[PDB]
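Encoded as structure tokens, the structure appears first; notes follow it.
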Amino acid sequence: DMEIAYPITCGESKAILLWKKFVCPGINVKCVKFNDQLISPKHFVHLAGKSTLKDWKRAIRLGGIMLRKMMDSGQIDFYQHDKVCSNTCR
Ligand SMILES: [Zn+2]
């Protein structure tokens, strides 16, 4: 079908989050398309220059809002988070 996704940013860098690939705990999961390469949020954040924050969920933004908040709202949280979790996402 279609690849559900969301446009995201980090610093002045733009990328695309493939939502169904966004699986807990997300940090090292290849779910971000950046320059036609599928990479992890940790790598995207590093390349965007925000690794010094030590909080990828706050470094990445969706519509200007910290990804952390969109995740906490339940509207854009990890795919199938209620059943698939590492217990280290918090
Ligand atoms: Zn989790």
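How things are named: the first chain in the structure tokens is A, the next is B, and so on; residues count from 1 in each chain; ligands count from 1 in the order shown.
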If you run DSSP on the backbone here, which positions in chain A get strand (DSSP E or B)? Please write them as a PyMOL selection string.
chain A and resi 5-10+13-18+32-34+37-39+61-62+65-66
May I have the selected residues written with N, CA, C and O atoms, as a CSV table (one decimal), in the first residue's frame?
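The resulting part05.csv:
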chain,number,residue,atom,x,y,z
A,5,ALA,N,4.3,8.1,6.7
A,5,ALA,CA,5.5,8.8,7.2
A,5,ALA,C,5.2,10.2,7.7
A,5,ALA,O,4.0,10.7,7.6
A,6,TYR,N,6.2,10.8,8.2
A,6,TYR,CA,6.1,12.2,8.7
A,6,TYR,C,7.4,13.0,8.4
A,6,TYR,O,8.4,12.4,8.5
A,7,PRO,N,7.2,14.2,8.0
A,7,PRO,CA,8.4,15.1,7.7
A,7,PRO,C,9.0,15.5,9.0
A,7,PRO,O,8.2,16.0,9.9
A,8,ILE,N,10.3,15.3,9.2
A,8,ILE,CA,10.9,15.7,10.5
A,8,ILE,C,12.1,16.6,10.3
A,8,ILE,O,12.6,16.7,9.1
A,9,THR,N,12.6,17.2,11.3
A,9,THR,CA,13.8,18.1,11.2
A,9,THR,C,14.6,17.9,12.5
A,9,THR,O,14.2,17.4,13.5
A,10,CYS,N,15.9,18.4,12.4
A,10,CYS,CA,16.8,18.4,13.5
A,10,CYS,C,17.8,19.5,13.1
A,10,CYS,O,18.5,19.3,12.1
A,13,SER,N,18.5,20.4,9.4
A,13,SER,CA,18.4,19.3,8.5
A,13,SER,C,17.0,18.7,8.4
A,13,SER,O,16.3,18.7,9.4
A,14,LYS,N,16.6,18.2,7.2
A,14,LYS,CA,15.3,17.7,7.0
A,14,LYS,C,15.4,16.2,6.6
A,14,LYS,O,16.3,15.8,5.9
A,15,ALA,N,14.4,15.4,7.1
A,15,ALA,CA,14.4,14.0,6.8
A,15,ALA,C,13.0,13.5,6.9
A,15,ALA,O,12.1,14.3,7.1
A,16,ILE,N,12.8,12.2,6.6
A,16,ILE,CA,11.5,11.6,6.7
A,16,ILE,C,11.4,10.4,7.6
A,16,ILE,O,12.2,9.5,7.5
A,17,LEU,N,10.5,10.4,8.5
A,17,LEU,CA,10.3,9.3,9.5
A,17,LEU,C,9.3,8.3,8.9
A,17,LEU,O,8.2,8.7,8.7
A,18,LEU,N,9.8,7.1,8.7
A,18,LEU,CA,8.9,6.0,8.2
A,18,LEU,C,8.2,5.5,9.5
A,18,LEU,O,8.8,4.8,10.2
A,32,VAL,N,14.6,6.4,9.6
A,32,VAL,CA,14.7,7.8,9.1
A,32,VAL,C,15.3,7.8,7.7
A,32,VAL,O,16.5,7.3,7.5
A,33,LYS,N,14.6,8.4,6.7
A,33,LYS,CA,15.2,8.5,5.4
A,33,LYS,C,15.9,9.9,5.3
A,33,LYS,O,15.2,10.9,5.5
A,34,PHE,N,17.2,9.9,5.1
A,34,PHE,CA,18.0,11.1,5.0
A,34,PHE,C,18.9,10.9,3.8
A,34,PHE,O,19.8,10.0,3.8
A,37,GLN,N,19.0,7.5,2.2
A,37,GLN,CA,19.5,6.4,3.0
A,37,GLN,C,18.7,6.2,4.2
A,37,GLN,O,18.3,7.2,4.9
A,38,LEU,N,18.4,5.0,4.6
A,38,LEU,CA,17.6,4.7,5.8
A,38,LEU,C,18.6,4.6,7.0
A,38,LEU,O,19.5,3.7,7.0
A,39,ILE,N,18.5,5.5,7.9
A,39,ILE,CA,19.4,5.5,9.1
A,39,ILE,C,18.6,5.6,10.4
A,39,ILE,O,17.4,5.8,10.4
A,61,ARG,N,12.4,17.2,15.7
A,61,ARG,CA,11.1,17.9,15.7
A,61,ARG,C,10.2,17.5,14.6
A,61,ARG,O,10.7,17.1,13.5
A,62,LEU,N,8.9,17.6,14.8
A,62,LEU,CA,8.0,17.2,13.8
A,62,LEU,C,7.0,18.5,13.8
A,62,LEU,O,6.4,18.7,14.8
A,65,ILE,N,7.6,20.7,16.8
A,65,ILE,CA,7.4,20.2,18.1
A,65,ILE,C,8.3,19.0,18.4
A,65,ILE,O,8.5,18.2,17.5
A,66,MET,N,8.9,19.0,19.6
A,66,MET,CA,9.7,17.9,19.9
A,66,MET,C,9.0,16.6,19.7
A,66,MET,O,7.9,16.4,20.1
Can you list every residue of chain A that has an atom at most 10 Å from ligand 1, with its nearest atom pair and the distance in Å to one decimal, using only C-alpha atoms and all ligand atoms, ordered by chain then number, as CSV?
residue,atom,partner,partner_atom_place_in_ligand_line,distance
A:23,CA,ligand 1,1 (Zn),8.1
A:24,CA,ligand 1,1 (Zn),4.7
A:25,CA,ligand 1,1 (Zn),5.3
A:26,CA,ligand 1,1 (Zn),8.5
A:77,CA,ligand 1,1 (Zn),9.2
A:78,CA,ligand 1,1 (Zn),7.4
A:79,CA,ligand 1,1 (Zn),9.8
A:80,CA,ligand 1,1 (Zn),9.5
A:81,CA,ligand 1,1 (Zn),6.0
A:82,CA,ligand 1,1 (Zn),8.0
A:83,CA,ligand 1,1 (Zn),8.9
A:84,CA,ligand 1,1 (Zn),6.9
A:85,CA,ligand 1,1 (Zn),3.8
A:86,CA,ligand 1,1 (Zn),5.2
A:87,CA,ligand 1,1 (Zn),5.1
A:88,CA,ligand 1,1 (Zn),6.2
A:89,CA,ligand 1,1 (Zn),4.5
A:90,CA,ligand 1,1 (Zn),7.1
I need the chosen residues saved as a compact mmCIF listing (two decimals), in the first residue's frame, with C-alpha atoms.
# COMPACT_ATOMS: atom_id res chain seq x y z
CA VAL A 23 9.76 0.68 16.55
CA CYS A 24 10.59 0.97 20.26
CA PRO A 25 13.11 2.01 21.49
CA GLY A 26 13.76 3.74 18.17
CA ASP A 77 4.35 7.04 19.12
CA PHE A 78 6.32 3.91 18.21
CA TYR A 79 4.43 1.56 15.87
CA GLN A 80 2.54 -1.03 17.94
CA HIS A 81 4.04 0.36 21.14
CA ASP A 82 1.33 -1.20 23.29
CA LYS A 83 2.67 -4.65 22.33
CA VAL A 84 6.24 -4.05 21.14
CA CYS A 85 8.48 -2.40 23.73
CA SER A 86 12.03 -2.79 25.06
CA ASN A 87 11.26 -1.18 28.42
CA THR A 88 14.21 1.17 27.86
CA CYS A 89 12.38 3.83 25.86
CA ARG A 90 11.91 5.87 29.03
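The environment of residue 43 in chain A within 9 Å, counting only C-alpha atoms and disregarding residues fewer than 6 places along the same chain, consists of residues 27, 28 and 51 of chain A.
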Only N, CA and C atoms, please: the residues just picked out, written as a PDB file, in the first residue's frame.
ATOM      1  N   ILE A  27      15.919   4.501  19.022  1.00  0.00           N
ATOM      2  CA  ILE A  27      17.267   5.062  18.911  1.00  0.00           C
ATOM      3  C   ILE A  27      18.192   4.480  17.832  1.00  0.00           C
ATOM      4  N   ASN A  28      18.331   3.157  17.784  1.00  0.00           N
ATOM      5  CA  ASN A  28      19.200   2.527  16.788  1.00  0.00           C
ATOM      6  C   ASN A  28      18.439   1.775  15.704  1.00  0.00           C
ATOM      7  N   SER A  51      24.013  15.881  18.692  1.00  0.00           N
ATOM      8  CA  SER A  51      24.343  14.772  19.585  1.00  0.00           C
ATOM      9  C   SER A  51      24.683  15.215  21.007  1.00  0.00           C
TER      10      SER A  51
END
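The spacing separating CA of residue 20 in chain A from CA of residue 4 in chain A amounts to 6.9 Å.
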